[PDB]
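Reading through the structure tokens given below for one structure.
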Amino acid sequence: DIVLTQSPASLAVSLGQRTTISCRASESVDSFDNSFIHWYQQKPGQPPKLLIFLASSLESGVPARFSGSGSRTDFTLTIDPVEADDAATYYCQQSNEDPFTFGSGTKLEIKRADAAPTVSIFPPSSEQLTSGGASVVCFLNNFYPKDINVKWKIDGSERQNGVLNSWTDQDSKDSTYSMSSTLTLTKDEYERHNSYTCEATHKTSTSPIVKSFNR
Amino acid sequence: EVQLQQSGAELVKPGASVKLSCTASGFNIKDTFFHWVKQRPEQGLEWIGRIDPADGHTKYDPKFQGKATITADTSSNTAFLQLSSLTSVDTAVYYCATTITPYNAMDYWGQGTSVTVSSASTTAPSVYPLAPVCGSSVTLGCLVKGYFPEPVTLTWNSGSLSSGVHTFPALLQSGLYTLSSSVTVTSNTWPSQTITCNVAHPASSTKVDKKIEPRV
């Protein structure tokens with residue numbers, strides 16, 4: 001089968017820059033007339049979107065910031081200029097030979113200025129407490145870079161058991177990240193303690209952002 | 001522009017089979033080649049095979065021979081993918097797609113169908129509204145706890161509230177999936193205007209609405 005090797009596997013690029021992604025085929029994907037290489041953009045949860053077909057043709061409806069080039073085995077996708085909407089994984093695909101095959105993808109991240117998170121804490125809902133459960137939720141929203149540390153403190157003791165952390169994919173508008181940290185306890189365990197704290201440590205400050213409540 | 005509309009998410013026991021559909025509107029399926037493409041969680045794309053609906057001719061990646069059967073029905077303008085004797089490695093999102101009107105690119109894609117292969121039964125989510133603790137802007141939340149399998153769809157005010165939303169990818173905890181979402185509005189917007197989290201879970205055929213209400 002034709003193996004398509006993409007490089008880089010991931011890259012970060014700032015707004016307005018030009019960048020290129022490489023796709024190399026294990027054997028030629030060409031006829032006398034065309035290179036049967038196509039490029040797609042995919043964001044998590046959505047289908048792939050066609051950008052470039054037959055190595056160099058711009059798909060209708062796609063911005064003229066995307067261009068493709070190459071022949072034989074060596075292909076290039078160019079993005080110029082890069083915009084915030086371009087945060088996505090990019091795939092090449094060949095159709096010269098069966099089976100059709102895809103490259104393993106290039107994840108494009110947008111580089112921007114550091115931003116501190118906005119932190120919000122949420123006690124268990126009254127409905128969850130009626131059911132006999134208790135989750136404490138903390139949102140750490142619109143920060144950059146993605147690396148961030150969250151710690152839960154219950155009455156002055158740090159706790160990691162039962163914490164579920166989920167990061168959003170990079171925002172297509174402001175290129176920030178957000179994360180949700182949920183501390184799930186039993187209700188009988190929750191109402192035996194009173195002080196609950198979400199602490200966010202991010203490179204935008206040495207002192208953590210602290211949000212807390214008393215049950 | 002055209003539209004490819006895929007059938008809904010499915011939970012399948014190991015060893016059973018499932019048949020997915022891809023209904024085309026805006027064009028005649030006889031005038032293109034249809035493809036099915038597999039994407040395992042956090043993985044890349046795998047071409048399964050293709051069909052020419054004008055005569056039914058098929059071509060498969062040998063990897064999927066026996067596992068996958070692609071058909072099409074011109075009477076209903078629909079292409080199908082049957083997956084047989086499912087195992088855990090068949091858990092994936094499956095896409096249909098059409099060729100530019102089989103060696104050109106795939107320019108139109110269905111929205112994907114999530115197939116989960118598991119012996120575990122469906123579990124409906126518990127959906128909890130998250131109001132602020134008992135400024136110029138306020139952040140509200142919705143916790144979607146303990147469902148199986150994926151996916152759920154979450155909206156705010158039936159989708160009319162879409163700016164300022166962060167919906168956090170589902171993850172496994174304690175054997176089930178949990179997902180959450182935040183929405184940030186101006187303090188003159190809430191609680192003055194009602195804000196409701198709407199959660200649909202296809203596998204359990206459930207649809208629940210939770211209004212965010214100030215704590216007391």
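Quick note on labels: first sequence line is chain A, next is B, and so on, each numbered from 1. Computation of the quantities below employed the complete heavy-atom set of this structure, encompassing side-chain atoms and omitting hydrogens, waters and symmetry-equivalent molecules.
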Cation over ring face, B:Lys19 and B:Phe80, 6.0 Å, 45°:
yes

Is a salt bridge present between B:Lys207 and B:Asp209, judged by a nitrogen-to-oxygen distance below 4.0 Å?
yes

What is the distance from atom OG of A:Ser95 to atom CG of A:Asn34, rounded to the nearest 0.5 Å?
9.5 Å

Between B:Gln39 and A:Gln42, does the side chain to side chain donor-acceptor pair (under 3.5 Å) criterion hold? Intermediate values first, please.
CA-CA 12 Å; B:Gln39 188 164 39; A:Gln42 193 184 28; 2.9 Å; yes

Just so I know, are the side chains of A:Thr101 and A:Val3 near enough to count as touching, which here means a heavy-atom distance under 4.5 Å?
no

Evaluation steps, side chain to side chain donor-acceptor pair (under 3.5 Å), between B:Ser114 and B:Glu150
CA-CA 7 Å; B:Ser114 179; B:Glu150 297 195 85; over 6 Å; no

A:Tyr90 and A:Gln41: side chain to side chain donor-acceptor pair (under 3.5 Å), yes or no, with the steps?
CA-CA 5 Å; A:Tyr90 294 78; A:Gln41 176 196 76; 2.9 Å; yes

Donor-acceptor pair, A:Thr73 side chain versus A:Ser28 backbone, under 3.5 Å?
no

Can a cation-pi geometry be assigned to A:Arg24 and A:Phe75, taking NZ or CZ under 6.0 Å from the six-membered ring centre and within 45° of the ring axis?
no

So, does A:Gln6 use its side chain to make a donor-acceptor pair with the main chain of A:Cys92 at under 3.5 Å?
yes

Between A:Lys43 and A:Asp86, does any side-chain N to carboxylate O distance fall below 4.0 Å?
no

Can a side-chain donor-acceptor contact be found between A:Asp33 and A:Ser31 if the only test is distance below 3.5 angstrom?
no

Mind telling me whether A:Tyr40 and A:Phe102 have parallel, tilted or perpendicular rings, with 30° and 60° as the class edges?
tilted

In terms of relative ring orientation, are B:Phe148 and B:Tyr177 parallel, tilted or perpendicular, with 30° and 60° separating the classes?
parallel

Quick check against the 3.5 Å criterion: does B:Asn157 have a side-chain atom that pairs as donor or acceptor with the backbone of B:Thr194?
yes

Can we say B:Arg40 and B:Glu46 salt-bridge, meaning some charged N sits less than 4.0 Å from an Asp/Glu carboxylate O?
yes

Main-chain N/O of A:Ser131 paired to A:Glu127 side chain as donor or acceptor, under 3.5 Å:
no

With a 4.5 Å cut-off on side-chain heavy atoms, are B:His166 and A:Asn141 touching?
yes

Is a salt bridge present between B:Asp90 and B:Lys67, judged by a nitrogen-to-oxygen distance below 4.0 Å?
yes

Partner of A:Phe100 under ring-ring contact (aromatic ring centres under 6.0 Å, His included), chosen from B:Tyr60, B:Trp47, B:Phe33
B:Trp47

Ring centroids only, cut at 6.0 angstrom: are A:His38 and A:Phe53 within range, meaning strictly under it?
no

Would you compute the distance between atom CG of A:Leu140 and atom CG of A:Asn165 and round it to the nearest 0.5 angstrom?
9.0 Å

Can you measure from NZ (B:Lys210) to CG (B:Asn198) and round to the nearest 0.5 angstrom?
10.5 Å

Distance check, rounded to the nearest 0.5 Å: B:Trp190 atom CH2 versus B:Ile195 atom CD1?
7.5 Å

How far does CG of A:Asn142 sit from OG of A:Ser178, to the nearest 0.5 angstrom?
4.5 Å

Modelled atom types, side-chain donor and acceptor of B:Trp156 and B:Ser181, under 3.5 Å:
yes

Find out whether A:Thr197 and A:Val210 are in side-chain contact, i.e. whether some heavy atom of one side chain is under 4.5 Å from a heavy atom of the other.
yes

Looking only at the side chains, is there a donor atom on one of B:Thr101 and B:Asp31 sitting less than 3.5 Å from an acceptor on the other?
no

For the side chain of A:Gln94 and the backbone of A:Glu97, is there at least one donor-acceptor N/O pair under 3.5 Å apart?
yes

Interatomic distance, A:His202 atom NE2 to A:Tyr177 atom OH [nearest 0.5 angstrom]:
10.5 Å

Do the side-chain N and O atoms of B:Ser137 and B:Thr184 include a donor-acceptor pair separated by under 3.5 angstrom?
no

Side-chain heavy atoms of B:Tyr147 within contact of B:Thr178, under 4.5 Å
no

What verdict does the side chain to side chain donor-acceptor pair (under 3.5 Å) test give for B:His35 and B:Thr99, after you've listed the backbone C-alpha separation in whole Å, the side-chain angles of each residue and the deciding distance to 0.1 Å?
CA-CA 8 Å; B:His35 309 262; B:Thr99 311; 2.7 Å; yes

Decide, yes or no, whether a salt bridge links A:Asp98 with B:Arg50 under the criterion of side-chain N to carboxylate O below 4.0 Å.
yes

Is the side chain of A:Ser166 donor-acceptor paired with the backbone N or O of B:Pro169 at a distance under 3.5 Å, no angle test?
yes

Test B:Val185 against B:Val138 for side-chain contact (heavy atoms from CB on, under 4.5 Å), laying out the working first.
CA-CA 6 Å; B:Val185 298; B:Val138 289; 3.7 Å; yes

Side chains of A:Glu59 and B:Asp107: closer than 4.5 Å at any heavy-atom pair?
yes

Less than 4.5 Å apart, any side-chain heavy atom of A:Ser135 and any of A:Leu183?
no

Ring center gap for B:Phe168 and A:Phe139 short of 6.0 angstrom
yes

